[PDB]
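Presented below is the structure to which this report refers.
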Amino acid sequence: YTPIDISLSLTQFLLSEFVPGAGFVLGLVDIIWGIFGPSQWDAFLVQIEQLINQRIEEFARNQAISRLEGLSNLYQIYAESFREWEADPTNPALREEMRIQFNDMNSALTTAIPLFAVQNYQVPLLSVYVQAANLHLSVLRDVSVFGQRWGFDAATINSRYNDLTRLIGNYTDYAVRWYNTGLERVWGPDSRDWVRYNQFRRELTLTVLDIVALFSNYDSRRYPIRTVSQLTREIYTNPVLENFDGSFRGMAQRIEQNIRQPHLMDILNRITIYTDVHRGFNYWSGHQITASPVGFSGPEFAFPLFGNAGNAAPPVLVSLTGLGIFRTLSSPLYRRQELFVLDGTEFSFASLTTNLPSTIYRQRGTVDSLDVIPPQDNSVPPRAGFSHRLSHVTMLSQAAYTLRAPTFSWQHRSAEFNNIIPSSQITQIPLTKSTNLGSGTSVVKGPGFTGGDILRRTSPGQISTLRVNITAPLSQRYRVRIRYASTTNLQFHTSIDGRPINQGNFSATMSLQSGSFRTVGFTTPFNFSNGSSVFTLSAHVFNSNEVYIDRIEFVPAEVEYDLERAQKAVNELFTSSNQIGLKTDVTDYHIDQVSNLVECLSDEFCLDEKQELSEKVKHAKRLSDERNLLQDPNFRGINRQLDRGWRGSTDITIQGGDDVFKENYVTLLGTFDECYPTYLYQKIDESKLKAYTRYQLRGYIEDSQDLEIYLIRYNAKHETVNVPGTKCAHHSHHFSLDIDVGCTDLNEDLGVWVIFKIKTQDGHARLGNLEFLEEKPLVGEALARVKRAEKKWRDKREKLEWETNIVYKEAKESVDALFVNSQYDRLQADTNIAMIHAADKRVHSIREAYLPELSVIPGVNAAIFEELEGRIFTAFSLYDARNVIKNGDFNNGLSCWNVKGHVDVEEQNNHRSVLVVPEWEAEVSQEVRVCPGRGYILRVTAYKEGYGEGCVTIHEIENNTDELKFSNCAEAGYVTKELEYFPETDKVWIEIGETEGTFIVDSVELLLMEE
């Protein structure tokens, strides 16, 4: 009945029945409180005092105690009330009485704990502090459960729930600082100062830390029902050294490494103990240990030979029988070349049913490990209640006297052999109960508040794997939680026997402390599909750079949580509860995605809650048609009306559904000639524009390349968008473009132009969920810039107008010089092709006939350009009529001519087509039928290149031979020469030859004269 026997006694009870209610509260009056006289408080103290020497002074010491007696009286008045409450939970006086006695109790500890964390005596009050602190957490959870049942408003409940989630941290971190700085100062070099060191570690690990580990279990709201956590940590004994009158100098660290290092928890299989001898006395020299992984789920382990084997006598065999070895009765031996060895050690195997036969090594002893490691329960004989069982034993040898002092590891019986999953509890698996460590994971040492060591990943992959045994429930469904501490963003995939069953985005938590390890859960449950399964955790999102993992939690769930999401989703679509309007920055796409969250819900369960949540969103979506200034944004009527709406190219496709799109979308193809792009343009009319207001064009691109996007009004506003599908790529998927409406005239209806355009051989795009919307009022600078870009558009409109007013009336003049009447019917006899051609330069100078960006879109001075370019074509038609010669323009290639050498033909600017004789040996004859004895003209239009002359002769069967010639004279722009010709027969041959170089001919015409 030392403070340890009783510490355990609590932990036993703490590990098992954690469930809230009266059961827990009176269970605290049964164990420690309402039973501890000041004697057993004083004794709690004398425990640590005498490990560290330093005594508490007889005031603080004297008032720590007189307080505790107080708290132990109060807690009677609180628990008694609570008991009587539970029996009649609705009596007003009792419920009231309960609020009185909670406030009193809460304020009790709030004042008291300072007196147990006193400066310059922190460490020796911890076995008290912990009890006090541990009591403070119980009563705070009690309000968190029973508050509004008692009376308090829900506000004082959360405020008390704050301070619960707070003091679980603060009471822990403090309980660890002072264990550390408590253990650090009791170190030293010799044998002794490992013994007093280990005796601190051991004892206070039992009497402060193991309670602290279970502080996490107090978060009412995280652990609502039963939960059973496991204490995986080990502790340490050495019979030889602990029971000895002597120190070996500077030897402590050598004993500190014979302690195994942070590892996975194994299960000892067999010891094989070798004997040896010195001066008659045989002894335990060294041993050979084997061990099997957790749940026997992997090949048995194997260490080297501890100590030295011996041939002096046979070995001795020790094999796992029951629940393990719970008690060593060892017998040292000290020959004061002196000797200090074990020479005999009984082992005994635990059970809750029968009394199994003990194995003795050489003899039974009188060093009981039940007064270093005492049991939990003394209602039963020690075959049960044992608390601990032998973990793994090592062997301490002297340097190169004889020393062979085995150091025994003891592990707690909360850390069970098998993993387990029952259904009326929440089962916590600390990841040290694995069977197979994933490559690139280490097992770092414990922080000191999770009864055991923890895992570390410092780069992506597989944490560990656990064998799972699923008990009472067959088809029960569970969520999973992961207690982790990470400096980086994460994901946490798991598998189960083969298939993944989770991916989650887990947040970062750090830069170590009890404010490190966060524990989030799945957003959908699963069910195990076999009795014995395999679970495997994995941290995947890249970065390194430091990830700790404490435990996997298996919490169960019944079959409405992604309904609270589909609720708030729909609400942030609006500006206010009246739901008249949308937020300016909620978008036609964004809205759809919310609408997908609504239908993927549950017909089965939340049928009514699904209906309203959709008739909202189908309404919110209706608002984003109403505000949308794009005419026909569902691409349902393209190229139907020449005034309003969309205009695109044939190479555009309008499917309605895609992996990515939930309504009509538009694919645009490439093009072979950049002078002819894919396009999809539109004019937002001025009827729909509000002066001095920024407007926005928006949408969503699945994939694209070479997509040009224009917003035009006063300027062009050109952006390219190269989005690859999920360095400088616009992989934003979204797009937005600004334009600012200065003034608002309706007589001009300038408006805004939208234009999508692709110009490349291997370009493409897919877009949809488009919109054009008012954004905000221009103000400050924006208003100054737009107004500058008003005037400076207007300064151009007028210089266009005056410049063009001249040019029409200069071009019209020049055009009619060709024709002979207002009716454009006949030409003039002395008008040639160079005049027609010179007249097209006067028309093609009009300028701004068409939009430079996209010649498709007609511009100002379209109708006037188009009519002059008409009469130019009109003129061309007549020149062909009058010409008796057949295809003299060379507009139909070299056809109806008789071609000899290597000639060819090419076209020029403005409806010109020009024969080219590129070598003198080339000829180009044509017969023409003429009228015997009339007046014909022959008119030729050509220039010459190189040396030599090129000559266009005319003759009949007999010698009526005339000739025209062109040369540069010496040694773009066509000379035109004519002559008057009269044939007496009806046939006449027009023949084109040249001397040398090249001869370029626009036209050989031949006229008849009627005057």
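Every chain in the structure tokens takes a letter, A first, then B, and so on in the order presented; its residues are numbered from 1, and the ligands are numbered from 1 following the presented order.
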
Applying 12 Å and only C-alpha atoms, which residues near range 45-51 of chain A remain after dropping the ones on its own chain fewer than 5 positions away? List them as number ranges by chain. A: 2-4, 38-40, 56-57, 60-62, 64-65, 116, 121-129, 179, 182-183, 185-187, 192-193, 195-205, 207-208

Using DSSP assignments from the backbone, pull out every residue in range 13-74 of chain A that falls under helix (DSSP H, G or I) and give it to me as an MDAnalysis selection string. chainID A and resid 13:15 22:31 38:52 60:74

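With only C-alpha atoms as the atoms that count, the minimum distance from residue 306 in chain A to the choices A:272, A:339, A:602, A:551 is reached by A:272.
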
Here CA of residue 685 in chain A and CA of residue 758 in chain A stand apart by 24.4 Å

Which one is closest to residue 849 in chain A: A:137, A:750, A:800, A:884? Count only C-alpha atoms.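 Comparing A:137, A:750, A:800, A:884 against residue 849 in chain A, the winner is A:800.
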
Residues flagged strand (DSSP E) by DSSP in range 378-520 of chain A, as number ranges by chain: A: 388-394, 402-404, 407-412, 426-430, 436-437, 442-444, 454-457, 461-469, 478-486, 490-496, 499-502, 505-506, 518-520

Quick one: contact table of range 947-999 of chain A to range 917-937 of chain A, 12 Å max, nearest atom pair and distance in Å to one decimal per residue, counting only C-alpha atoms, chain and number order, as a tab-separated table?
```
residue	atom	partner	partner_atom	distance
A:947	CA	A:920	CA	11.1
A:948	CA	A:920	CA	9.4
A:949	CA	A:920	CA	9.8
A:950	CA	A:920	CA	8.7
A:951	CA	A:923	CA	10.5
A:952	CA	A:924	CA	9.5
A:953	CA	A:925	CA	9.5
A:954	CA	A:925	CA	9.8
A:955	CA	A:927	CA	9.9
A:956	CA	A:927	CA	9.2
A:957	CA	A:927	CA	10.7
A:962	CA	A:937	CA	11.7
A:977	CA	A:937	CA	10.6
A:978	CA	A:937	CA	7.0
A:979	CA	A:937	CA	5.9
A:980	CA	A:937	CA	4.8
A:981	CA	A:936	CA	5.1
A:982	CA	A:935	CA	5.3
A:983	CA	A:933	CA	5.7
A:984	CA	A:932	CA	4.6
A:985	CA	A:932	CA	5.0
A:986	CA	A:930	CA	4.7
A:987	CA	A:929	CA	4.9
A:988	CA	A:928	CA	5.6
A:989	CA	A:927	CA	4.6
A:990	CA	A:926	CA	5.3
A:991	CA	A:925	CA	4.2
A:992	CA	A:924	CA	5.1
A:993	CA	A:923	CA	5.2
A:994	CA	A:920	CA	5.1
A:995	CA	A:920	CA	5.4
A:996	CA	A:920	CA	4.9
A:997	CA	A:919	CA	6.1
A:998	CA	A:918	CA	4.7
A:999	CA	A:917	CA	5.3
```

Could you please take those selected residues and save N, CA and C atoms as a tab-separated table (two decimals), in the first residue's frame?
```
chain	number	residue	atom	x	y	z
A	947	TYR	N	17.16	42.36	-119.90
A	947	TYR	CA	17.44	43.02	-121.17
A	947	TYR	C	16.36	42.61	-122.17
A	948	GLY	N	16.43	43.17	-123.37
A	948	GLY	CA	15.59	42.76	-124.48
A	948	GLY	C	14.21	43.40	-124.45
A	949	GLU	N	13.43	43.14	-125.51
A	949	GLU	CA	12.07	43.62	-125.64
A	949	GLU	C	11.13	42.42	-125.77
A	950	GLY	N	9.87	42.61	-125.36
A	950	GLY	CA	8.82	41.60	-125.50
A	950	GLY	C	7.68	42.14	-126.36
A	951	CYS	N	7.23	41.34	-127.34
A	951	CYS	CA	6.47	41.88	-128.46
A	951	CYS	C	5.22	41.05	-128.72
A	952	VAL	N	4.10	41.77	-128.93
A	952	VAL	CA	2.76	41.22	-129.07
A	952	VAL	C	2.27	41.48	-130.49
A	953	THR	N	2.49	40.52	-131.39
A	953	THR	CA	2.23	40.70	-132.80
A	953	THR	C	0.80	40.33	-133.12
A	954	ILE	N	0.36	40.77	-134.31
A	954	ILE	CA	-0.98	40.48	-134.82
A	954	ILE	C	-0.88	40.37	-136.34
A	955	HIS	N	-1.40	39.27	-136.88
A	955	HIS	CA	-1.42	39.05	-138.32
A	955	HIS	C	-2.56	38.10	-138.67
A	956	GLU	N	-2.83	37.98	-139.97
A	956	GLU	CA	-3.79	37.01	-140.47
A	956	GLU	C	-3.04	36.02	-141.37
A	957	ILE	N	-3.77	35.18	-142.11
A	957	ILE	CA	-3.16	34.19	-142.98
A	957	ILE	C	-2.12	34.84	-143.90
A	962	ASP	N	1.08	43.46	-137.65
A	962	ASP	CA	1.45	44.59	-136.80
A	962	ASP	C	2.00	44.03	-135.49
A	977	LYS	N	0.05	50.34	-124.27
A	977	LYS	CA	0.16	50.85	-125.63
A	977	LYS	C	-0.98	50.30	-126.46
A	978	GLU	N	-1.40	51.05	-127.50
A	978	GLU	CA	-2.52	50.65	-128.35
A	978	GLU	C	-2.17	50.84	-129.82
A	979	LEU	N	-3.02	50.29	-130.70
A	979	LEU	CA	-2.97	50.54	-132.14
A	979	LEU	C	-4.33	50.28	-132.78
A	980	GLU	N	-4.49	50.75	-134.02
A	980	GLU	CA	-5.73	50.59	-134.77
A	980	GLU	C	-5.51	49.56	-135.88
A	981	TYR	N	-6.39	48.54	-135.94
A	981	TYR	CA	-6.17	47.39	-136.81
A	981	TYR	C	-7.42	47.03	-137.62
A	982	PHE	N	-7.21	46.71	-138.91
A	982	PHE	CA	-8.28	46.36	-139.84
A	982	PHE	C	-7.88	45.11	-140.62
A	983	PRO	N	-8.49	43.93	-140.37
A	983	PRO	CA	-8.23	42.73	-141.16
A	983	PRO	C	-9.23	42.53	-142.31
A	984	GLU	N	-8.75	41.98	-143.43
A	984	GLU	CA	-9.59	41.74	-144.60
A	984	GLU	C	-10.17	40.33	-144.57
A	985	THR	N	-9.47	39.38	-143.96
A	985	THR	CA	-10.03	38.06	-143.68
A	985	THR	C	-10.71	38.11	-142.31
A	986	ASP	N	-11.15	36.94	-141.83
A	986	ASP	CA	-11.91	36.86	-140.58
A	986	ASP	C	-11.08	36.25	-139.45
A	987	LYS	N	-9.86	35.79	-139.73
A	987	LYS	CA	-9.03	35.16	-138.72
A	987	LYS	C	-7.77	36.01	-138.53
A	988	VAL	N	-7.32	36.12	-137.27
A	988	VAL	CA	-6.16	36.93	-136.93
A	988	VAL	C	-5.49	36.32	-135.68
A	989	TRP	N	-4.17	36.10	-135.75
A	989	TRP	CA	-3.43	35.41	-134.70
A	989	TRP	C	-2.72	36.41	-133.80
A	990	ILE	N	-3.04	36.38	-132.50
A	990	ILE	CA	-2.38	37.18	-131.48
A	990	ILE	C	-1.27	36.32	-130.87
A	991	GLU	N	-0.01	36.78	-130.98
A	991	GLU	CA	1.14	35.98	-130.59
A	991	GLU	C	2.04	36.78	-129.65
A	992	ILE	N	2.28	36.24	-128.44
A	992	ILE	CA	3.17	36.84	-127.45
A	992	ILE	C	4.53	36.14	-127.51
A	993	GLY	N	5.57	36.91	-127.86
A	993	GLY	CA	6.95	36.47	-127.72
A	993	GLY	C	7.80	37.53	-127.02
A	994	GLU	N	9.05	37.18	-126.70
A	994	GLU	CA	10.02	38.13	-126.17
A	994	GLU	C	11.43	37.83	-126.70
A	995	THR	N	12.33	38.81	-126.54
A	995	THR	CA	13.73	38.71	-126.95
A	995	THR	C	14.52	37.88	-125.94
A	996	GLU	N	14.47	38.32	-124.68
A	996	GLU	CA	15.18	37.69	-123.57
A	996	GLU	C	14.69	38.29	-122.26
A	997	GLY	N	15.16	37.75	-121.14
A	997	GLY	CA	14.69	38.17	-119.84
A	997	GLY	C	13.28	37.65	-119.58
A	998	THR	N	12.44	38.49	-118.94
A	998	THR	CA	11.08	38.13	-118.58
A	998	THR	C	10.13	39.24	-118.99
A	999	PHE	N	8.94	38.83	-119.45
A	999	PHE	CA	7.92	39.72	-119.96
A	999	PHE	C	6.63	39.42	-119.21
```

Quick one: of A:404, A:336, A:364, A:254, who's nearest to residue 274 in chain A, counting only C-alpha atoms?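 When distances to residue 274 in chain A are compared using only C-alpha atoms, the smallest one comes from A:404.
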
Counting only C-alpha atoms, which residue out of A:566, A:313, A:190, A:230 sits closest to residue 416 in chain A? A:230

Can you tell me which residues surround residue 477 in chain A at a distance of at most 12 Å, considering only C-alpha atoms, apart from same-chain residues fewer than 6 positions away, and format the answer as a ChimeraX atom specification? /A:421-423,470,524-529,554-559

Selection to disk with N, CA and C atoms, as a CSV table (one decimal), in the first residue's frame:
```csv
chain,number,residue,atom,x,y,z
A,421,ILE,N,-11.1,-5.2,-32.0
A,421,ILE,CA,-12.1,-4.2,-32.3
A,421,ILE,C,-13.5,-4.7,-31.9
A,422,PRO,N,-13.9,-4.3,-30.6
A,422,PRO,CA,-15.3,-4.4,-30.2
A,422,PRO,C,-16.2,-3.2,-30.6
A,423,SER,N,-17.5,-3.2,-30.2
A,423,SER,CA,-18.5,-2.4,-30.9
A,423,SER,C,-19.1,-1.4,-29.9
A,470,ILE,N,-11.3,-8.3,-35.4
A,470,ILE,CA,-12.6,-7.6,-35.2
A,470,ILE,C,-13.6,-8.6,-34.5
A,524,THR,N,-16.3,9.5,-44.4
A,524,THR,CA,-17.2,8.4,-44.7
A,524,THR,C,-16.7,7.2,-44.0
A,525,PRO,N,-17.6,6.4,-43.4
A,525,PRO,CA,-17.2,5.1,-42.7
A,525,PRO,C,-16.8,4.0,-43.7
A,526,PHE,N,-16.4,2.9,-43.0
A,526,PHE,CA,-16.3,1.6,-43.7
A,526,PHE,C,-16.6,0.5,-42.8
A,527,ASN,N,-16.6,-0.8,-43.3
A,527,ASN,CA,-16.8,-2.0,-42.5
A,527,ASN,C,-15.8,-3.0,-42.9
A,528,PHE,N,-15.2,-3.7,-41.9
A,528,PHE,CA,-14.3,-4.8,-42.1
A,528,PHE,C,-15.1,-5.9,-42.7
A,529,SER,N,-14.4,-6.7,-43.6
A,529,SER,CA,-15.1,-7.7,-44.3
A,529,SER,C,-14.5,-9.1,-44.0
A,554,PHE,N,-10.1,3.5,-34.0
A,554,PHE,CA,-11.2,2.9,-34.7
A,554,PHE,C,-12.5,3.3,-34.0
A,555,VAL,N,-13.2,4.3,-34.4
A,555,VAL,CA,-14.5,4.8,-33.8
A,555,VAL,C,-15.6,4.3,-34.7
A,556,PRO,N,-16.8,3.8,-34.2
A,556,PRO,CA,-17.9,3.3,-35.0
A,556,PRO,C,-18.9,4.4,-35.4
A,557,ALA,N,-19.8,4.1,-36.3
A,557,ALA,CA,-20.7,5.1,-36.8
A,557,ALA,C,-22.0,4.4,-37.4
A,558,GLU,N,-23.2,5.0,-37.2
A,558,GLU,CA,-24.4,4.5,-37.8
A,558,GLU,C,-24.6,5.3,-39.1
A,559,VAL,N,-25.6,4.9,-39.9
A,559,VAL,CA,-25.7,5.5,-41.2
A,559,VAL,C,-26.7,6.7,-41.0
```

Report as a VMD selection string all protein, DNA and RNA residues lying within 9 Å of range 591-595 of chain A, evaluated on only C-alpha atoms, omitting residues in the same chain fewer than 5 positions from it. chain A and resid 566 569 to 570 573 586 613 to 614 617 to 618 620 to 621 624 662 769

Extract, using only C-alpha atoms, all DNA, RNA and protein residues at most 6 Å from residue 267 in chain A, discarding same-chain residues fewer than 4 positions from it, and format them as a ChimeraX atom specification. /A:291-293

Would you mind listing what lies within 6 Å of range 761-768 of chain A as a PyMOL selection string, with only C-alpha atoms counted and same-chain residues fewer than 2 positions away left out? chain A and resi 665-672+700-706+770
